[PDB]
file upload-v8.txt (compact mmCIF, C-alpha atoms and all ligand atoms)
# COMPACT_ATOMS: atom_id res chain seq x y z
CA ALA M 1 85.34 80.63 48.56
CA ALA M 2 83.08 83.50 47.59
CA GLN M 3 83.19 87.14 48.65
CA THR M 4 79.81 88.93 47.62
CA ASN M 5 79.63 92.60 46.67
CA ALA M 6 83.36 92.64 45.92
CA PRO M 7 85.07 95.49 44.09
CA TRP M 8 84.31 94.98 40.42
CA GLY M 9 87.87 94.08 39.41
CA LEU M 10 88.20 91.13 41.85
CA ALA M 11 84.79 89.84 40.34
CA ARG M 12 86.10 90.36 36.89
CA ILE M 13 89.23 88.32 37.19
CA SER M 14 86.99 85.50 38.45
CA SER M 15 84.31 85.90 35.76
CA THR M 16 83.99 85.17 32.03
CA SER M 17 81.51 88.05 31.65
CA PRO M 18 81.38 91.58 33.10
CA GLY M 19 78.58 92.80 35.19
CA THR M 20 78.75 90.86 38.42
CA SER M 21 80.10 91.59 41.89
CA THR M 22 81.14 88.33 43.65
CA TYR M 23 84.78 87.18 43.79
CA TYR M 24 85.04 83.45 43.37
CA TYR M 25 88.66 81.85 44.59
CA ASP M 26 90.07 78.93 46.00
CA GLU M 27 90.44 79.68 50.06
CA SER M 28 94.47 78.65 49.80
CA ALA M 29 94.35 82.53 48.71
CA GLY M 30 98.10 82.83 48.23
CA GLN M 31 99.13 81.23 51.44
CA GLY M 32 102.97 80.60 51.44
CA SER M 33 103.78 83.08 48.65
CA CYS M 34 105.46 86.52 48.91
CA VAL M 35 104.65 89.67 46.97
CA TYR M 36 107.08 92.70 46.98
CA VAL M 37 105.29 96.01 46.29
CA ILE M 38 108.01 98.35 45.03
CA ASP M 39 106.39 101.77 45.30
CA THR M 40 105.80 104.59 47.91
CA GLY M 41 105.67 102.08 50.75
CA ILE M 42 102.84 100.29 52.55
CA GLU M 43 100.91 101.45 55.60
CA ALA M 44 101.38 98.07 57.23
CA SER M 45 99.30 99.16 60.28
CA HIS M 46 96.09 99.11 58.22
CA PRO M 47 94.10 96.38 59.86
CA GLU M 48 93.05 95.44 56.01
CA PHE M 49 96.62 93.74 56.11
CA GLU M 50 96.00 91.94 59.29
CA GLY M 51 99.80 91.59 60.23
CA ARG M 52 101.00 90.25 56.87
CA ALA M 53 102.71 93.41 55.57
CA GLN M 54 106.22 94.55 56.42
CA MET M 55 108.30 97.43 55.13
CA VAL M 56 111.64 95.98 54.56
CA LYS M 57 113.48 98.83 52.61
CA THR M 58 113.58 102.40 51.81
CA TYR M 59 115.88 104.74 49.92
CA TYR M 60 114.47 107.88 51.59
CA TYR M 61 114.60 109.32 55.10
CA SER M 62 111.41 106.93 56.52
CA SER M 63 109.96 103.91 55.09
CA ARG M 64 106.39 105.21 55.58
CA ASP M 65 103.99 105.73 52.65
CA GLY M 66 103.24 109.25 53.20
CA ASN M 67 101.60 109.28 49.25
CA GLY M 68 98.97 106.30 49.72
CA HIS M 69 99.85 104.87 46.05
CA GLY M 70 101.91 101.97 47.38
CA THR M 71 99.30 101.19 50.04
CA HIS M 72 96.52 101.04 47.41
CA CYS M 73 98.41 98.81 45.04
CA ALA M 74 99.40 96.56 47.95
CA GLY M 75 95.79 96.32 49.10
CA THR M 76 94.79 95.02 45.68
CA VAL M 77 97.44 92.40 45.78
CA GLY M 78 96.65 91.16 49.36
CA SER M 79 94.33 93.03 51.68
CA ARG M 80 91.68 90.94 53.38
CA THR M 81 88.55 92.98 51.47
CA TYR M 82 90.14 94.33 48.59
CA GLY M 83 92.85 91.84 47.63
CA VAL M 84 93.28 89.04 45.20
CA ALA M 85 95.59 86.90 47.26
CA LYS M 86 94.06 87.48 50.68
CA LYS M 87 96.74 85.11 52.65
CA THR M 88 99.95 86.33 50.91
CA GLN M 89 102.83 87.91 52.70
CA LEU M 90 103.51 91.49 51.52
CA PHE M 91 106.95 93.15 51.58
CA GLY M 92 107.35 96.93 50.85
CA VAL M 93 110.10 98.61 49.15
CA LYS M 94 109.87 102.43 49.18
CA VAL M 95 111.72 103.48 45.68
CA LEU M 96 109.12 106.49 45.39
CA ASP M 97 108.98 109.54 47.66
CA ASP M 98 105.98 110.88 48.72
CA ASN M 99 104.85 112.78 45.84
CA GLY M 100 105.36 109.65 43.58
CA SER M 101 108.78 110.55 42.21
CA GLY M 102 111.74 108.31 41.95
CA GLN M 103 115.00 108.66 40.27
CA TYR M 104 115.86 105.72 38.11
CA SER M 105 118.98 104.77 39.74
CA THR M 106 117.10 104.21 43.09
CA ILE M 107 114.32 102.31 41.24
CA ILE M 108 117.12 100.06 39.96
CA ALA M 109 118.54 99.76 43.48
CA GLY M 110 115.10 98.45 44.55
CA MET M 111 114.74 96.05 42.10
CA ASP M 112 118.24 94.27 42.66
CA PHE M 113 117.28 94.53 46.34
CA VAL M 114 114.38 92.12 45.79
CA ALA M 115 116.46 89.58 43.87
CA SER M 116 118.73 89.45 46.94
CA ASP M 117 116.16 89.78 49.70
CA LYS M 118 113.86 87.16 48.69
CA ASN M 119 116.63 84.94 50.16
CA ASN M 120 115.96 86.46 53.55
CA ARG M 121 112.25 85.58 53.45
CA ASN M 122 110.08 82.47 53.88
CA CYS M 123 108.24 82.08 50.38
CA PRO M 124 107.94 78.34 49.77
CA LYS M 125 105.18 78.92 47.20
CA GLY M 126 106.74 81.52 45.09
CA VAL M 127 107.91 85.19 44.86
CA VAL M 128 106.27 88.06 42.93
CA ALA M 129 107.00 91.65 42.49
CA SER M 130 104.51 94.27 41.59
CA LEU M 131 105.98 97.68 39.87
CA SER M 132 103.22 100.26 39.44
CA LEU M 133 105.58 102.90 38.09
CA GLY M 134 107.88 103.72 35.16
CA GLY M 135 109.08 106.58 33.04
CA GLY M 136 110.82 106.78 29.38
CA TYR M 137 112.77 103.92 27.84
CA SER M 138 116.00 103.09 29.66
CA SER M 139 118.17 100.06 29.03
CA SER M 140 119.40 100.04 32.38
CA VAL M 141 115.84 100.23 34.10
CA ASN M 142 114.78 97.45 31.70
CA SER M 143 117.90 95.39 32.49
CA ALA M 144 117.21 95.60 36.25
CA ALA M 145 113.72 94.10 35.40
CA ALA M 146 115.21 91.20 33.46
CA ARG M 147 117.60 90.48 36.36
CA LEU M 148 114.82 90.48 38.91
CA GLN M 149 112.77 88.16 36.70
CA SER M 150 115.75 85.92 35.82
CA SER M 151 116.53 85.62 39.72
CA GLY M 152 113.07 83.61 39.87
CA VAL M 153 110.60 86.27 40.70
CA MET M 154 107.47 86.78 38.81
CA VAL M 155 107.78 90.40 37.69
CA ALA M 156 104.50 92.40 36.92
CA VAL M 157 104.94 96.01 35.49
CA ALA M 158 102.48 98.72 34.55
CA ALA M 159 102.28 99.28 30.79
CA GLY M 160 101.87 103.05 31.39
CA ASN M 161 98.96 105.98 31.35
CA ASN M 162 99.70 107.97 28.15
CA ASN M 163 97.60 106.32 25.74
CA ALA M 164 100.76 105.49 23.79
CA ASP M 165 102.63 102.40 22.55
CA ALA M 166 104.38 101.19 25.75
CA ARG M 167 107.77 99.87 23.70
CA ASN M 168 108.85 103.63 24.58
CA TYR M 169 108.42 103.23 28.35
CA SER M 170 110.37 101.54 31.15
CA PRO M 171 110.18 99.05 32.74
CA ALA M 172 107.07 98.12 30.42
CA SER M 173 108.98 97.52 27.28
CA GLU M 174 111.28 95.06 28.89
CA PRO M 175 110.32 91.48 27.01
CA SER M 176 110.94 89.04 29.60
CA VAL M 177 108.62 90.42 32.32
CA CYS M 178 104.75 90.68 32.43
CA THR M 179 103.49 94.13 31.17
CA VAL M 180 99.99 94.89 32.26
CA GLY M 181 97.37 97.27 30.66
CA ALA M 182 94.21 98.28 31.96
CA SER M 183 90.42 97.85 31.55
CA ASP M 184 87.23 99.12 32.75
CA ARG M 185 84.08 97.58 34.27
CA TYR M 186 82.42 97.44 30.82
CA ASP M 187 85.44 95.65 29.27
CA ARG M 188 86.73 98.73 27.47
CA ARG M 189 90.64 99.02 27.10
CA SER M 190 90.85 102.23 29.95
CA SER M 191 91.23 105.53 28.12
CA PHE M 192 94.67 106.31 29.54
CA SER M 193 96.20 102.39 28.81
CA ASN M 194 99.16 102.32 27.02
CA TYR M 195 99.02 99.57 24.37
CA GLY M 196 101.39 97.86 21.94
CA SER M 197 102.66 94.24 21.02
CA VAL M 198 105.02 94.59 24.51
CA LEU M 199 101.86 94.12 26.57
CA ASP M 200 101.23 90.34 27.82
CA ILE M 201 97.92 90.81 29.53
CA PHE M 202 95.22 93.22 30.65
CA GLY M 203 93.69 93.79 34.29
CA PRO M 204 91.02 95.95 35.96
CA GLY M 205 92.35 99.48 36.23
CA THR M 206 89.62 101.98 35.84
CA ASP M 207 87.64 102.91 39.49
CA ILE M 208 89.58 100.37 41.52
CA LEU M 209 88.56 100.45 45.17
CA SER M 210 91.46 99.65 47.50
CA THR M 211 93.18 100.70 50.73
CA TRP M 212 94.64 104.09 51.55
CA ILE M 213 96.74 105.62 54.31
CA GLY M 214 95.17 106.59 57.60
CA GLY M 215 93.40 103.59 57.59
CA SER M 216 91.28 104.47 55.03
CA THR M 217 89.89 103.24 51.48
CA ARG M 218 89.53 105.16 47.77
CA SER M 219 89.03 104.39 44.45
CA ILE M 220 91.61 105.51 41.90
CA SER M 221 92.55 104.58 38.41
CA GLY M 222 95.71 103.48 36.17
CA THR M 223 97.76 100.68 34.77
CA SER M 224 99.18 100.93 38.29
CA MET M 225 95.87 99.54 39.71
CA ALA M 226 95.76 96.85 37.00
CA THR M 227 99.33 95.57 37.76
CA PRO M 228 98.73 94.34 41.35
CA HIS M 229 95.62 92.29 40.02
CA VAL M 230 98.12 90.25 37.96
CA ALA M 231 100.66 90.13 40.73
CA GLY M 232 98.19 88.93 43.24
CA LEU M 233 96.81 86.45 40.70
CA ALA M 234 100.15 84.97 40.04
CA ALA M 235 100.71 84.58 43.89
CA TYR M 236 97.32 82.81 43.98
CA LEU M 237 98.33 80.48 41.11
CA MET M 238 101.67 79.64 42.70
CA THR M 239 100.27 78.67 45.72
CA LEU M 240 98.05 76.27 44.17
CA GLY M 241 100.56 74.67 42.11
CA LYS M 242 99.50 75.80 38.65
CA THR M 243 102.43 77.65 37.62
CA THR M 244 105.83 78.95 38.75
CA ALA M 245 107.46 82.37 38.96
CA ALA M 246 109.20 81.87 35.57
CA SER M 247 106.17 80.31 33.84
CA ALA M 248 103.33 82.52 35.38
CA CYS M 249 103.05 85.30 32.76
CA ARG M 250 102.70 82.51 30.06
CA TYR M 251 100.42 80.65 32.17
CA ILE M 252 98.01 83.64 32.81
CA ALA M 253 97.97 84.44 29.09
CA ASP M 254 97.15 80.82 28.23
CA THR M 255 94.23 80.83 30.68
CA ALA M 256 92.96 84.38 30.00
CA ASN M 257 89.74 85.31 28.64
CA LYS M 258 90.50 85.82 25.02
CA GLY M 259 88.44 88.51 22.77
CA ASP M 260 86.57 90.01 24.95
CA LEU M 261 87.90 94.05 25.33
CA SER M 262 86.96 97.00 23.12
CA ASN M 263 89.59 98.98 21.24
CA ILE M 264 92.59 96.61 21.04
CA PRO M 265 94.24 98.53 18.75
CA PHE M 266 95.55 96.17 16.07
CA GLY M 267 98.46 94.35 17.18
CA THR M 268 97.79 94.51 20.93
CA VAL M 269 96.74 91.37 22.80
CA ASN M 270 93.06 91.10 23.64
CA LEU M 271 93.81 88.72 26.79
CA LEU M 272 92.18 89.51 30.15
CA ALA M 273 93.41 88.04 33.40
CA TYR M 274 91.32 85.15 34.75
CA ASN M 275 91.54 82.73 37.57
CA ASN M 276 89.49 79.88 36.03
CA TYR M 277 87.96 78.98 39.38
CA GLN M 278 84.22 79.10 38.68
CA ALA M 279 84.41 77.75 35.10
CA CA P 301 106.64 88.10 29.14

call {"tool": "encode", "arguments": {"input": "upload-v8.txt", "output": "structure tokens"}}
result
Amino acid sequence: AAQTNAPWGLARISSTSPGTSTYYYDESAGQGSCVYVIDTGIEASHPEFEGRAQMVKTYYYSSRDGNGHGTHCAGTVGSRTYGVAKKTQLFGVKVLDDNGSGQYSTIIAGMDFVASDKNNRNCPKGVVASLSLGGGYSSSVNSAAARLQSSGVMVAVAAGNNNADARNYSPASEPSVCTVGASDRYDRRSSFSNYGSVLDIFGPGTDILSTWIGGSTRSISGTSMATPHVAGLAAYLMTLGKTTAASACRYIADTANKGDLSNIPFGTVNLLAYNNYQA
């Protein structure tokens, strides 16, 4: 399948080169997989989701995304225009209030929630979780990421927006999950991407067009926008049969486009997520 005049990041993770605007992908498009967006929620009523999104948890007084962040990230995963994995089932978990603030302990509660709940969902092709959030190093936050991953969920986490080595941030520094940095449409590491040997992979994160609340669409920027490209990609690769929840971060690195970003500080991977469909 081909989707012309696509947001640049969907074209990128289907291209070897920058500078084009069609998104090339096998039409399976994540059918039979499940992605949990653990964030401010998801405006499931957005027609871009076509009936495939359900809030399933909150730790606040409403499950609604009253911020828009969770809805944008979720759209990149799996909205019909703006998503990677255009036939995946999306499940929301509201661990952030509406300003974007979550206490750690609640973040943790969300995460163990997914390891349990996946068993209440129909996900024959595989489960993913997408965490576009974080704060300072915590062993506990990190440990809740290793549990979620160990429970057979592909876990994808934002490396962070401080232009700093990510080993000091959580859940990014955790080893066993898939820590995502960011790039721009000219293949520059994004000026705000954390870096450091804990990163596994980079994704489009600067001027990412996606859904917003009210039914609407905006472009914003962050390792948060990069993260759901890798989550959605992993859902896409499960469904096909290329990899598994426990093998997908390795698998994406193995198949990445290798050398191609500017400004990988020394010691940071220079691997860019790629679906290997067109070549
Ligand atoms: Ca890893």

call {"tool": "residues_near_ligand", "arguments": {"input": "upload-v8.txt", "ligand": "ligand CA 301 (chain P)", "cutoff": "7 Å", "atoms": "all atoms listed in the file", "output": "PyMOL selection string"}}
result
chain M and resi 175-178+200+249-250

call {"tool": "atom_distance", "arguments": {"input": "upload-v8.txt", "atom1": "atom CA of residue M:272", "atom2": "atom CA of residue M:226"}}
result
10.7 Å

call {"tool": "closest_residue", "arguments": {"input": "upload-v8.txt", "among": "M:269, M:73, M:85, M:107", "to": "residue M:30", "atoms": "only C-alpha atoms"}}
result
M:85

call {"tool": "residues_near_point", "arguments": {"input": "upload-v8.txt", "point": "(85.5, 92.3, 25.9)", "cutoff": "7 Å", "atoms": "all atoms listed in the file", "output": "list in words"}}
result
residues 187, 188, 259, 260, 261 and 262 of chain M

call {"tool": "closest_residue", "arguments": {"input": "upload-v8.txt", "among": "M:14, M:211, M:31, M:4", "to": "residue M:44", "atoms": "only C-alpha atoms"}}
result
M:211

call {"tool": "residues_near_point", "arguments": {"input": "upload-v8.txt", "point": "(120.9, 99.9, 50.3)", "cutoff": "10 Å", "atoms": "all atoms listed in the file", "output": "VMD selection string"}}
result
chain M and resid 57 to 59 106 109 to 110 112 to 113

call {"tool": "closest_residue", "arguments": {"input": "upload-v8.txt", "among": "M:139, M:132, M:103, M:170", "to": "residue M:221", "atoms": "all atoms listed in the file"}}
result
M:132

call {"tool": "closest_atom_pairs", "arguments": {"input": "upload-v8.txt", "of": "stretch 134-223 of chain M", "to": "stretch 6-12 of chain M", "cutoff": "12 Å", "atoms": "only C-alpha atoms", "output": "CSV"}}
result
residue,atom,partner,partner_atom,distance
M:182,CA,M:9,CA,10.6
M:183,CA,M:9,CA,9.1
M:184,CA,M:9,CA,8.4
M:185,CA,M:8,CA,6.7
M:186,CA,M:12,CA,10.0
M:187,CA,M:12,CA,9.3
M:202,CA,M:12,CA,11.4
M:203,CA,M:9,CA,7.8
M:204,CA,M:9,CA,5.0
M:205,CA,M:9,CA,7.7
M:206,CA,M:9,CA,8.8
M:207,CA,M:8,CA,8.7
M:208,CA,M:9,CA,6.9
M:209,CA,M:7,CA,6.2
M:210,CA,M:7,CA,8.4
M:211,CA,M:7,CA,11.7
M:217,CA,M:7,CA,11.7
M:218,CA,M:7,CA,11.3
M:219,CA,M:7,CA,9.7
M:221,CA,M:9,CA,11.5

call {"tool": "atom_distance", "arguments": {"input": "upload-v8.txt", "atom1": "atom CA of residue M:146", "atom2": "atom CA of residue M:90"}}
result
21.5 Å

call {"tool": "closest_residue", "arguments": {"input": "upload-v8.txt", "among": "M:235, M:164, M:246, M:253", "to": "residue M:77", "atoms": "only C-alpha atoms"}}
result
M:235

call {"tool": "closest_residue", "arguments": {"input": "upload-v8.txt", "among": "M:191, M:247, M:105, M:40", "to": "residue M:162", "atoms": "only C-alpha atoms"}}
result
M:191

call {"tool": "closest_residue", "arguments": {"input": "upload-v8.txt", "among": "M:117, M:26, M:174, M:165", "to": "residue M:151", "atoms": "all atoms listed in the file"}}
result
M:117

call {"tool": "atom_distance", "arguments": {"input": "upload-v8.txt", "atom1": "atom CA of residue M:138", "atom2": "atom CA of residue M:101"}}
result
16.3 Å

call {"tool": "residues_around", "arguments": {"input": "upload-v8.txt", "residues": "residue M:34", "least_positions_apart": "4", "cutoff": "12 Å", "atoms": "only C-alpha atoms", "output": "number ranges by chain"}}
result
M: 29-30, 52-54, 74, 77-78, 85-92, 114, 117-130, 153-154, 231-236, 238-239, 245

call {"tool": "write_last_selection", "arguments": {"input": "upload-v8.txt", "atoms": "C-alpha atoms", "output": "PDB file, in the coordinates of the input"}}
result
ATOM      1  CA  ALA M  29      94.350  82.530  48.710  1.00  0.00           C
ATOM      2  CA  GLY M  30      98.100  82.830  48.230  1.00  0.00           C
ATOM      3  CA  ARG M  52     101.000  90.250  56.870  1.00  0.00           C
ATOM      4  CA  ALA M  53     102.710  93.410  55.570  1.00  0.00           C
ATOM      5  CA  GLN M  54     106.220  94.550  56.420  1.00  0.00           C
ATOM      6  CA  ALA M  74      99.400  96.560  47.950  1.00  0.00           C
ATOM      7  CA  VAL M  77      97.440  92.400  45.780  1.00  0.00           C
ATOM      8  CA  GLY M  78      96.650  91.160  49.360  1.00  0.00           C
ATOM      9  CA  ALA M  85      95.590  86.900  47.260  1.00  0.00           C
ATOM     10  CA  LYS M  86      94.060  87.480  50.680  1.00  0.00           C
ATOM     11  CA  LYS M  87      96.740  85.110  52.650  1.00  0.00           C
ATOM     12  CA  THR M  88      99.950  86.330  50.910  1.00  0.00           C
ATOM     13  CA  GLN M  89     102.830  87.910  52.700  1.00  0.00           C
ATOM     14  CA  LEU M  90     103.510  91.490  51.520  1.00  0.00           C
ATOM     15  CA  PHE M  91     106.950  93.150  51.580  1.00  0.00           C
ATOM     16  CA  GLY M  92     107.350  96.930  50.850  1.00  0.00           C
ATOM     17  CA  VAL M 114     114.380  92.120  45.790  1.00  0.00           C
ATOM     18  CA  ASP M 117     116.160  89.780  49.700  1.00  0.00           C
ATOM     19  CA  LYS M 118     113.860  87.160  48.690  1.00  0.00           C
ATOM     20  CA  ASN M 119     116.630  84.940  50.160  1.00  0.00           C
ATOM     21  CA  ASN M 120     115.960  86.460  53.550  1.00  0.00           C
ATOM     22  CA  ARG M 121     112.250  85.580  53.450  1.00  0.00           C
ATOM     23  CA  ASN M 122     110.080  82.470  53.880  1.00  0.00           C
ATOM     24  CA  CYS M 123     108.240  82.080  50.380  1.00  0.00           C
ATOM     25  CA  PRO M 124     107.940  78.340  49.770  1.00  0.00           C
ATOM     26  CA  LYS M 125     105.180  78.920  47.200  1.00  0.00           C
ATOM     27  CA  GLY M 126     106.740  81.520  45.090  1.00  0.00           C
ATOM     28  CA  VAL M 127     107.910  85.190  44.860  1.00  0.00           C
ATOM     29  CA  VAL M 128     106.270  88.060  42.930  1.00  0.00           C
ATOM     30  CA  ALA M 129     107.000  91.650  42.490  1.00  0.00           C
ATOM     31  CA  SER M 130     104.510  94.270  41.590  1.00  0.00           C
ATOM     32  CA  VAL M 153     110.600  86.270  40.700  1.00  0.00           C
ATOM     33  CA  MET M 154     107.470  86.780  38.810  1.00  0.00           C
ATOM     34  CA  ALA M 231     100.660  90.130  40.730  1.00  0.00           C
ATOM     35  CA  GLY M 232      98.190  88.930  43.240  1.00  0.00           C
ATOM     36  CA  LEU M 233      96.810  86.450  40.700  1.00  0.00           C
ATOM     37  CA  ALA M 234     100.150  84.970  40.040  1.00  0.00           C
ATOM     38  CA  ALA M 235     100.710  84.580  43.890  1.00  0.00           C
ATOM     39  CA  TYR M 236      97.320  82.810  43.980  1.00  0.00           C
ATOM     40  CA  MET M 238     101.670  79.640  42.700  1.00  0.00           C
ATOM     41  CA  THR M 239     100.270  78.670  45.720  1.00  0.00           C
ATOM     42  CA  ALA M 245     107.460  82.370  38.960  1.00  0.00           C
TER      43      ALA M 245
END

call {"tool": "residues_around", "arguments": {"input": "upload-v8.txt", "residues": "residue M:274", "least_positions_apart": "4", "cutoff": "7 Å", "atoms": "all atoms listed in the file", "output": "list in words"}}
result
residues 13, 14, 255, 256 and 257 of chain M

call {"tool": "write_last_selection", "arguments": {"input": "upload-v8.txt", "atoms": "C-alpha atoms", "output": "PDB file, in the frame of the given file"}}
result
ATOM      1  CA  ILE M  13      89.230  88.320  37.190  1.00  0.00           C
ATOM      2  CA  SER M  14      86.990  85.500  38.450  1.00  0.00           C
ATOM      3  CA  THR M 255      94.230  80.830  30.680  1.00  0.00           C
ATOM      4  CA  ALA M 256      92.960  84.380  30.000  1.00  0.00           C
ATOM      5  CA  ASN M 257      89.740  85.310  28.640  1.00  0.00           C
TER       6      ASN M 257
END

call {"tool": "residues_around", "arguments": {"input": "upload-v8.txt", "residues": "residue M:135", "least_positions_apart": "3", "cutoff": "9 Å", "atoms": "only C-alpha atoms", "output": "PyMOL selection string"}}
result
chain M and resi 104+138+160+168-171

call {"tool": "residues_around", "arguments": {"input": "upload-v8.txt", "residues": "residue M:68", "least_positions_apart": "3", "cutoff": "12 Å", "atoms": "all atoms listed in the file", "output": "ChimeraX atom specification"}}
result
/M:39-44,46,64-65,71-75,94,96-100,210-220

call {"tool": "build_atoms", "arguments": {"input": "upload-v8.txt", "residues": "stretch 24-41 of chain M", "atoms": "N, CA, C and O atoms", "output": "tab-separated table (two decimals), keeping the file's coordinate frame"}}
result
chain	number	residue	atom	x	y	z
M	24	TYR	N	84.99	84.88	43.12
M	24	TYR	CA	85.04	83.45	43.37
M	24	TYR	C	86.49	82.99	43.34
M	24	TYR	O	87.19	83.23	42.34
M	25	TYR	N	87.25	82.19	44.48
M	25	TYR	CA	88.66	81.85	44.59
M	25	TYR	C	88.86	80.69	45.56
M	25	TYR	O	88.05	80.49	46.48
M	26	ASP	N	89.67	80.03	45.12
M	26	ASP	CA	90.07	78.93	46.00
M	26	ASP	C	90.53	79.46	47.35
M	26	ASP	O	91.32	80.42	47.44
M	27	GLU	N	90.18	79.11	48.74
M	27	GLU	CA	90.44	79.68	50.06
M	27	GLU	C	91.91	79.71	50.44
M	27	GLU	O	92.28	80.47	51.34
M	28	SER	N	93.02	78.55	49.64
M	28	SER	CA	94.47	78.65	49.80
M	28	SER	C	94.92	80.11	49.81
M	28	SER	O	95.83	80.48	50.55
M	29	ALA	N	94.26	81.08	48.80
M	29	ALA	CA	94.35	82.53	48.71
M	29	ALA	C	95.78	83.06	48.81
M	29	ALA	O	96.02	84.13	49.35
M	30	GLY	N	96.74	82.34	48.23
M	30	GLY	CA	98.10	82.83	48.23
M	30	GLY	C	98.93	82.54	49.46
M	30	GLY	O	100.06	83.04	49.54
M	31	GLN	N	98.37	81.56	50.24
M	31	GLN	CA	99.13	81.23	51.44
M	31	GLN	C	100.49	80.68	51.05
M	31	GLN	O	100.61	79.85	50.15
M	32	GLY	N	101.67	81.16	51.74
M	32	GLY	CA	102.97	80.60	51.44
M	32	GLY	C	103.69	81.26	50.30
M	32	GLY	O	104.79	80.82	49.96
M	33	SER	N	103.09	82.26	49.64
M	33	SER	CA	103.78	83.08	48.65
M	33	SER	C	104.12	84.43	49.26
M	33	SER	O	103.65	84.79	50.35
M	34	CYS	N	105.01	85.19	48.52
M	34	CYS	CA	105.46	86.52	48.91
M	34	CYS	C	105.34	87.48	47.76
M	34	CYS	O	105.84	87.19	46.67
M	35	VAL	N	104.73	88.64	47.99
M	35	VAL	CA	104.65	89.67	46.97
M	35	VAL	C	105.35	90.91	47.50
M	35	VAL	O	105.08	91.37	48.62
M	36	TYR	N	106.41	91.43	46.75
M	36	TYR	CA	107.08	92.70	46.98
M	36	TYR	C	106.41	93.82	46.18
M	36	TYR	O	106.37	93.78	44.94
M	37	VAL	N	105.88	94.82	46.89
M	37	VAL	CA	105.29	96.01	46.29
M	37	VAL	C	106.36	97.08	46.33
M	37	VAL	O	106.79	97.52	47.41
M	38	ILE	N	106.84	97.48	45.16
M	38	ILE	CA	108.01	98.35	45.03
M	38	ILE	C	107.45	99.69	44.57
M	38	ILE	O	107.06	99.83	43.41
M	39	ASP	N	107.32	100.65	45.49
M	39	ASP	CA	106.39	101.77	45.30
M	39	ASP	C	106.65	102.85	46.36
M	39	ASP	O	107.81	103.03	46.78
M	40	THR	N	105.63	103.56	46.89
M	40	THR	CA	105.80	104.59	47.91
M	40	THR	C	105.85	104.01	49.32
M	40	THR	O	105.97	104.77	50.28
M	41	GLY	N	105.76	102.71	49.46
M	41	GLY	CA	105.67	102.08	50.75
M	41	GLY	C	104.32	101.41	50.93
M	41	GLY	O	103.51	101.31	49.99
